[PDB]
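*Asks:* So I've got this experimental structure, pasted below with the sequence.
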Amino acid sequence: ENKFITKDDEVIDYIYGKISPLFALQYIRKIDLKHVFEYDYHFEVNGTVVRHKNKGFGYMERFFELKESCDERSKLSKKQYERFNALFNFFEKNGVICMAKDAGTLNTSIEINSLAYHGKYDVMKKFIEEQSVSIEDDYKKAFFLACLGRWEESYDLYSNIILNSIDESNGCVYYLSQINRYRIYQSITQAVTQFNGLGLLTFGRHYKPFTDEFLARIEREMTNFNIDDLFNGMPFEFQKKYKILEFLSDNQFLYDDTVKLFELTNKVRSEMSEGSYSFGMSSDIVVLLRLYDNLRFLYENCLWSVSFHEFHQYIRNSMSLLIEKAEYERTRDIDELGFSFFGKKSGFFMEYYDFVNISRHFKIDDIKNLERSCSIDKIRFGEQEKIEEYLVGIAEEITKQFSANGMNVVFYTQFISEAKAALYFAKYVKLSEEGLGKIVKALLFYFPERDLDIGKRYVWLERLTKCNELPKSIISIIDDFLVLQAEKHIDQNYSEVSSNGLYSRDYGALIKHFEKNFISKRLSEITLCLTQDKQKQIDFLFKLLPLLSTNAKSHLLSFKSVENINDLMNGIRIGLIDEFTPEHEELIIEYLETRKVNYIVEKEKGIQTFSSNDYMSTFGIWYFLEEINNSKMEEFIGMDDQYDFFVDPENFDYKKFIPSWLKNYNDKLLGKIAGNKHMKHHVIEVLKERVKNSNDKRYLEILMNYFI
Amino acid sequence: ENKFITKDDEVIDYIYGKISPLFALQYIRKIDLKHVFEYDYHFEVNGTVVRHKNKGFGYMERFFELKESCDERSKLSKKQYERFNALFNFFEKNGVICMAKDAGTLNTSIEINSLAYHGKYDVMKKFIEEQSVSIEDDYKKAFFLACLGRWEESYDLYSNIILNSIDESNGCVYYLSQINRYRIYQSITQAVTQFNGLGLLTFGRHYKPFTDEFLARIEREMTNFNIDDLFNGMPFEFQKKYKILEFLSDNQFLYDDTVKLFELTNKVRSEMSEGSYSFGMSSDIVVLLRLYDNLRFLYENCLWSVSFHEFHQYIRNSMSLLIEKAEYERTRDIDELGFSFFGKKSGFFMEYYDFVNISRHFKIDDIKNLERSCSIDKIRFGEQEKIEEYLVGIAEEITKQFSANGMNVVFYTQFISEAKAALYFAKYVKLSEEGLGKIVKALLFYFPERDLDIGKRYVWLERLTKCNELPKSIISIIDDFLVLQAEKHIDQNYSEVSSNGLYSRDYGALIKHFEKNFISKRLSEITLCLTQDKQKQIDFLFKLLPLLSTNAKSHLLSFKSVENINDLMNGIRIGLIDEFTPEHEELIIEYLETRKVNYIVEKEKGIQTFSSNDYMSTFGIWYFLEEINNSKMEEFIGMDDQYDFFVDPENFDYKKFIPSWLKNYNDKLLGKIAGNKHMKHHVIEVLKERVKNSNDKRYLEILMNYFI
Amino acid sequence: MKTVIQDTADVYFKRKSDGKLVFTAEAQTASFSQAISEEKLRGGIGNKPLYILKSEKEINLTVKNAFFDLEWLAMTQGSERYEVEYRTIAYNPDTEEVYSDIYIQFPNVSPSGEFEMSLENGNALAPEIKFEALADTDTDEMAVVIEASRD
Amino acid sequence: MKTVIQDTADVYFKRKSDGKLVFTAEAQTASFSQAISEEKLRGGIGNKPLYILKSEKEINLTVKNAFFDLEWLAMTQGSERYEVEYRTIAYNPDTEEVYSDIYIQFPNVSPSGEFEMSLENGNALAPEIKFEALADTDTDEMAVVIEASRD
């Protein structure tokens, strides 16, 4: 068929003949262009082309020659001239540039124009309300209905277009209309079971987003649908034009794209272990380009695979290798020419689009693995103004949904996975004043308590201040959450459940850690009106003794009482108790006798347990720091692994030492043991072994600064 | 259908109809059975089965109940009793044990019985020389020829079976032979192209293994054949029974299993950064069980897909993960629970079945990759008796091919990689005295010079001396080797080569590094008759000085290479010079002057140098430690950084310091440097920085033992 | 018969305020993952601090099952905590005989399920469900163990 | 114009004892690796000496475009160890102007490749080829480097 290609005018017709049917797409992927040309050429991910199976005239070479010849372009009739312009502007959008033999420096562009990508939820809500015009506009809306979570009318709209598609004689829409019916059906089936099985335990109720009758319809339509034969049923005319689009039927479209990451990650992992150097495009830029070759296809053309977990896998591992490659390239050695080869680097500047990439498709745990290996703080952040508009956008959307009574759970299904990682990675950026205002108002009040307990809200809110200050405006917002918490501490069964154990006192402590002389005003007002009869509020109030008026503190003097081990620790948590009276020591020993009575009882019962917040760990710490010199304490040796290491360096066994304590210890405490002569040598060895054998960088840092 | 099962014995009649047709096949991947039963049951790799799509009678759950229940077996008829035994004989050979609900402590058997895997190249020539008595033996013979590299005689026998496989009711052979035949042809395409382009200079000549007429015929038969439609063209009956092979027609099958290793690889690495544990079937044993299954199914069915690079990729990365998993399992932190659950560590034992794996599929650069990230010295190598038989299988096979005149060059590409890599991997196995005498003889004399430069050979012989001493037989092979390389060194242009710069100088060093009194009778005979006018012979054995007799020494100290600067350092390297005289020091000043004038010419031309024979680093080191008292050294400050690091440490610019040099340094120099004031206060800083940034352990050994 | 060897366990959830049982016959993945670290805190004033014991700490869990309980899952189909007990056994390596049962307990649980586990192919159930060590401010909690092998 | 950037390289491979040039030009992967090491090979000496500065050392190179040649390939169609010239261009970061070109010269070369791709699906040519830097005893070896930018 291609053995009659000899004429210059016919060449333009030939490329017109095969490439034109793909104009109905907003874009088609670069490397896949080999399918359209029957493996005639090979399209590299950079866009340039090398002869693959051509036994005749290189019709692609001629078009590139015509690109640089302004005179020859004038040797075409107005028709054929227009035929080239359609092909030409198609060749600049698609990232193809020029011939490989003539390839010099190529600076490809990257742009994802999909509104769904940019977190522009609100403008999209107006777009759907507009009247439909064209058949393609219907498909675009059939996507936007899904991204918001409205999986109900998205299917109903999808059934509408498929009936309306053929009348206009459009082929591309009909094929991509049916796939989004099966995949969204798959999104429907796994949610209903997910709601029933664990969702009943998750939200406390059997909320229903889908009407019972509608579920019966969808199963009937797609029951015997096998997605393998779908491309084999479309007619011959369709099967000749869009043979590139065939992969999207079966699930091979993410299998052909993940293996070429796995073989590629093998080389990048291999290359970081050799000290090798690579010229031109490194192995890593192929991953970055392929990620950005991929982000366009599934978002410009409005496919619904953007929420399935298989694609969340793919962005997970592509950036993970690149952030790895940004860590290793920041630290290695050379003789003379190592910098002479590519004497610069992108430094993996992480641009505005790169922040959408990880904020969306990661989970709170997955980021934490990356944080250990690759020091994200050392990587530079770009476009610190666009990145605000996404954060303020997300915070804006949180207030709309939950301040208003309406929360449509299918929206909450997707929206919360992205929203978490959005505000975890907000630390590394230098935020603006309005963003630090709105976001903190967003995280404290309306953001759900379930998904973010009162405990971990410290780990995020405090996390943002590492690279950001604490202005007066933000100080006003945080102090307000206490006022709400004061109207909350009249419950009869509240306990402030948490997986972190820092409570509403500690947020106020965060203010004072920056603004020490910030005596609270309203928390004083709540104290004075309260009386002794109702005293649940004491526990929070005395815990937030840090901030109060002098008379309000003097109110706490006659008010409140101290009789136990939490009063001692919570009172010592603020440093109010500067020393221990003999009465206080008697309370301490009273605790110990009970535990020893417990220790013998369980041992006689052959039972071993670990106390979670065992202060016996601290009781040993007091003696070692000269806090308490009581000689009666030696009667409780031998029950706790942590306790014994402190009391008796002369008669303590180092086989039971756990290497995790020397992490969890204060700057002053580690020094005193570092100064002690008895255990310095035996502490050194077990520490020495683990740095040599293991890769916990924190053990490495501790050993040099203090013990050396 | 299945819901219409009815009675007890209607189950075996149904199971027989689905699993028996596979009896023509030998070994069926435990997971591939989900296809034959229409995805009805999901097959776990651990040997259990769980219902997925079944809603009628449990034709599988009753079957295992009959397996356990004894009185029920007798209730069947003799035929049905036989039919059950026919099915029972299959599953125990597959490893599918019982149902999940009654899952006990399962110990699946892994037994690969293919003669190719054991690499007993001798027997495959014995079996083939015989007259066939079945179509089955013909095909089992057709794979043995391709393993031996015979890519031409295989094709004719591969063509024989296709014609003889039509006149009978068996599509098993027809479908498998044609897969191989196309896979011999695709190999024929690469090797011919690979031989033509780089094979002219690789081997030193052009070798045309394939005849011209055969090359024309293959390009005629296969030119109009697409493998993707092979399964579709078979009869409807074949498309029904043998659905357990349709993935195998295309190369999606290794893709679908190579992609699956990515998720587990992600999970295993994900399980590492968090320090997780694993109850039940851990994520890592899933890889261990999955790995052998892809192995035996191809080695026991003689599927030619086993010897392809894409296959090597999946098993290269799989074992790297487990050896890493073992490496992590050895260094776990232990906090409060590991001892009770895992005490007396049950390490992953490196059996014989793990040795053929690494020896065959890893390249030589790949095993070095494992070295810097896996302390593979610690791992126990059990079953050490069987390791010897395959090793002597290698050291005996190499002797045959390269002693005789005929080298089967097609075999030479698939195998020389294997023989190369195996003898590397012998330095973790205790070899007997007798078995080693065969290994050492093959490695030294007849192993070709092309793939092992004389410099690299020592590195190989030196690794076998780690796990094994020097029995007096072993020296008898090194004995003839030197007397072989020296006597060949009588032609005037027969220079040597190296990839370490070793030459024969350090072969004697290995001798005296274990022996003390070798006099090497042959060497005395050589020199006793060396008359004069043999400069190349003279200089060659001059640096073998530690291994000459007393009379040979004196006689060769006569008319010896004078003091020329190359001879000066080499004369020192044999112990001829113990102290520098002013005559010795005077020669050094020439080289310092000679290097300087070329530097001035170099600077005008803007040319730098990095020479192998750089003694500049050596001269400064001698000056630091007072070996050369000449004070003119300071005149040569500013040409090489390693020079002015040692000569003028007080004025040295430590910013230029390259921390790689410390690796070559020996403890004696690493001690004195730790004492010098002008070189202590900066070297400490660079060492701390690199250990914090990179996992170069050798820096940590340097930083701790000496600099602290 | 050559080499592998595997094991099993038992998983047992429980909602407080009443004898609410929910359980899995197995914990296959069982990604139990402790953690202990510390980054920064305290104002460093007042001369003598007299203390410093915040151990933060974090816990997780995992389980496999398709058995959510036949009766009250559907009873509520048409928040009193989820305490779970991990029970198993340990054997003496010298004799390899089952002599000890290992008990694991948690005082107050909270399932934190990422409610977007939708995938692109029909999986074999395997609803990986994750819990978290949840604790009040009263005392104790976190984790406790019980041991047999009295012999 | 958004985010990418590439550059160019070039590989020349030559045969000693003749002006022949049998190889490619344009290293796609262009991977080059150099490394130094040591061991206990000299773990014991008679002392009072000095050193040898073994360091092992090694030079591993690679190139992948193919299209070696027709004239010289045909001429060889009917063992100097070859030599290499590597040419690269360098630009001033302050001005981004082409001002410096690099010469890399390894007198001794060694062709040694893994002579079996046998890839299950046919590739688009591009036979990657690795390089080991050979060396004799006499002097220099490895490389001498030249630099432009004499502006």
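*Replies:* Received, thanks. Residues are numbered from 1 along each chain as shown, chains lettered A, B, ... in the order given.

*Asks:* From residue A:449, how far off is the residue nearest the centre of chain C?
*Replies:* Using C-alpha atoms, centre = their mean, the residue of chain C that lies closest to the mean C-alpha position is residue C:61, 4.5 Å off. Applying C-beta to C-beta, to the nearest Å, the value for residue C:61 to residue A:449 is 21 Å. (Each C-beta comes from the backbone N, C-alpha and C, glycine too.)

*Asks:* Check which residues of stretch A:320-332 are buried.
*Replies:* Neighbour-count burial for stretch A:320-332, counted by 16 or more other C-beta atoms under 10 Å in any protein chain shown, picks out A:320, A:321, A:322, A:323, A:324, A:325, A:326, A:327, A:328.

*Asks:* ok, so of those residues, who is nearest chain D?
*Replies:* Taking C-beta to the nearest C-beta as the measure, residue A:322 is the one of those closest to chain D, at 11.9 Å.

*Asks:* Run the contact check for the host helix or strand of that closest one versus chain D.
*Replies:* Using DSSP states H and E, the element containing residue A:322 is helix A:309-328. No. Interface with chain D: helix A:309-328 contributes nothing (C-beta under 8 Å from any C-beta of the partner chain), its closest point being 11.9 Å away.

*Asks:* for the next helix or strand after that helix, packing partners?
*Replies:* Next helix or strand after helix A:309-328 toward the C-terminus (DSSP H and E): helix A:352-361. Under the contact criterion of 3 or more C-beta pairs under 8 Å, 6 or more residues apart in numbering or on different chains; DSSP states H and E, helix A:352-361 touches helix A:309-328, helix A:386-403, helix A:409-424.

*Asks:* could you check the angle helix A:309-328 makes with helix A:352-361?
*Replies:* Direction vectors for helix A:352-361 and helix A:309-328, defined by axes from the mean of the first three to the mean of the last three C-alpha atoms, to 10 degrees, enclose an angle of 130 degrees.

*Asks:* what about the strands in chain C?
*Replies:* C:10-15, C:20-24, C:83-91, C:98-105, C:144-147 (DSSP state E).

*Asks:* contacting residues for residue A:477?
*Replies:* Residue A:477 makes contacts with A:437, A:440, A:441, A:444, as judged by C-beta atoms under 8 Å, 6 or more residues apart in numbering or on different chains.

*Asks:* how about it, secondary structure?
*Replies:* Reducing the assignment at residue A:477 to three states with DSSP: H, G, I helix; E, B strand; the rest coil gives helix.

*Asks:* Next: the one 5 residues further on.
*Replies:* The local conformation at residue A:482, judged by three-state DSSP, is helix.

*Asks:* That one: how many residues sit nearby?
*Replies:* For residue A:482, the tally of surrounding residues (other C-beta atoms under 10 Å in any protein chain shown) stands at 22.

*Asks:* go on, residue C:85?
*Replies:* For residue C:85, the count of nearby residues is 17 (other C-beta under 10 Å).

*Asks:* Which helix or strand contains the spatially closest residue to residue A:661 that is not a sequence neighbour?
*Replies:* Counting by C-beta to C-beta, 6 or more residues apart in numbering or on different chains, residue A:661 lies nearest to residue A:642, which is 6.5 Å off, once chain neighbours are set aside. Secondary-structure assignment from DSSP H and E places residue A:642 in helix A:641-647.

*Asks:* Packing partners of that helix?
*Replies:* Counting contacts by 3+ C-beta pairs under 8 Å, 6+ apart, helix A:641-647 is packed against helix A:616-624.

*Asks:* In space, what's closest to the residue of chain C found nearest chain A - neighbours in sequence excluded?
*Replies:* Among the residues of chain C, residue C:142 lies nearest to chain A; the distance is 3.2 Å by C-beta to the nearest C-beta. The shortest distance from residue C:142 to any residue other than its chain neighbours is 3.2 Å, reached at residue A:612 (C-beta to C-beta, 6+ apart).

*Asks:* picking up where we left off before, deepest of the strands of chain C, which one?
*Replies:* Burial of the strands of chain C is given as mean neighbour count (mean count of other C-beta atoms under 10 Å in any protein chain shown); strand C:10-15 ranks first at a mean of 20.

*Asks:* Now do it and strand C:98-105, the angle between them.
*Replies:* Here strand C:10-15 points in a direction 30 degrees away from that of strand C:98-105 (the same axes, to 10 degrees).

*Asks:* what about strand C:10-15, near chain A?
*Replies:* No. Using C-beta under 8 Å from any C-beta, strand C:10-15 stays clear of chain A, coming no nearer than 9.0 Å.

*Asks:* who does that strand pair up with?
*Replies:* Strand partners for strand C:10-15, identified by DSSP bridges, are recorded as strand C:20-24 (antiparallel), strand C:83-91 (antiparallel).

*Asks:* mind checking how far residue C:36 is from chain B?
*Replies:* Applying C-beta to the nearest C-beta, to the nearest Å, the value for residue C:36 to chain B is 8 Å.

*Asks:* residues contacting that residue?
*Replies:* By C-beta under 8 Å, 6+ apart, the contact set of residue C:36 is A:660, A:663, A:664, B:335, C:55, C:56, C:57.

*Asks:* Just give the closest residue to the last one, not the sequence neighbours.
*Replies:* Taking C-beta to C-beta, 6+ apart as the measure, residue C:57 lies nearest to residue C:36, with 5.9 Å between them; neighbours along the chain are not counted.

*Asks:* Equivalent analysis for the third one, please.
*Replies:* With C-beta to C-beta, 6+ apart as the measure, residue C:38 is the residue that lies nearest to residue A:664, at 5.4 Å, once sequence neighbours are left out.

*Asks:* isn't that neighbour right up against residue A:660?
*Replies:* No. Under the contact definition of C-beta atoms under 8 Å, residue C:38 does not touch residue A:660, with a separation of 10.6 Å.

*Asks:* Helices of chain C, start to end?
*Replies:* The residue ranges that make up the helices of chain C, judged by DSSP state H, are C:72-77.

*Asks:* Return the residues of it in contact with chain B.
*Replies:* For chain C, the contact set with chain B under C-beta under 8 Å from any C-beta comprises C:1-9, C:25-36, C:88, C:90, C:93, C:102, C:124, C:145, C:147.

*Asks:* Write the PyMOL selection for whichever of these are buried.
*Replies:* Only the buried entries of these go into this PyMOL selection, using 16+ other C-beta under 10 Å:
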select buried, chain C and resi 3+4+6+8+9+26+27+28+29+30+31+32+33+34+36+88+90+102+145
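
*Asks:* what sits against the residue nearest to the centre of chain C?
*Replies:* C:31, C:32, C:84, C:106, C:130, C:131, C:132, C:133.

*Asks:* Now render those residues as CSV, adding distance to residue A:287.
*Replies:* Supplementary listing: the contacts of residue C:61 in CSV, determined by distance: C-beta to C-beta, whole Å:
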residue, distance to residue A:287
C:31, 28
C:32, 33
C:84, 41
C:106, 41
C:130, 30
C:131, 35
C:132, 34
C:133, 37
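
*Asks:* Need the max-distance pair from those.
*Replies:* Pairwise distances among the contacts of residue C:61 were taken by C-beta to C-beta; the largest, 15.4 Å, belongs to C:31 and C:106.

*Asks:* sorry, back to before: wait, isn't the residue nearest to residue A:661 in contact with residue A:618?
*Replies:* No. Residue A:642 sits out of contact with residue A:618 when judged by C-beta under 8 Å, with a separation of 9.2 Å.

*Asks:* Stretch A:460-471 vs chain C: in contact?
*Replies:* No. Using C-beta under 8 Å from any C-beta, stretch A:460-471 stays clear of chain C, with a minimum separation of 8.5 Å.

*Asks:* Give me the contacts around that stretch.
*Replies:* Identification of contacts with stretch A:460-471 by C-beta under 8 Å, 6+ apart yields A:423-424, A:426-431, A:433, A:436, A:439-440, A:443-444, A:452, A:478, A:507, A:510-511, A:514-515.

*Asks:* Go again with 6 Å.
*Replies:* A:426, A:427, A:431, A:436, A:510, A:514 (C-beta atoms under 6 Å, 6 or more residues apart in numbering or on different chains).

*Asks:* mind listing what's buried in that stretch?
*Replies:* Using 16+ other C-beta under 10 Å as the test for burial, stretch A:460-471 gives A:460, A:461, A:462, A:463, A:464, A:465, A:468, A:470.
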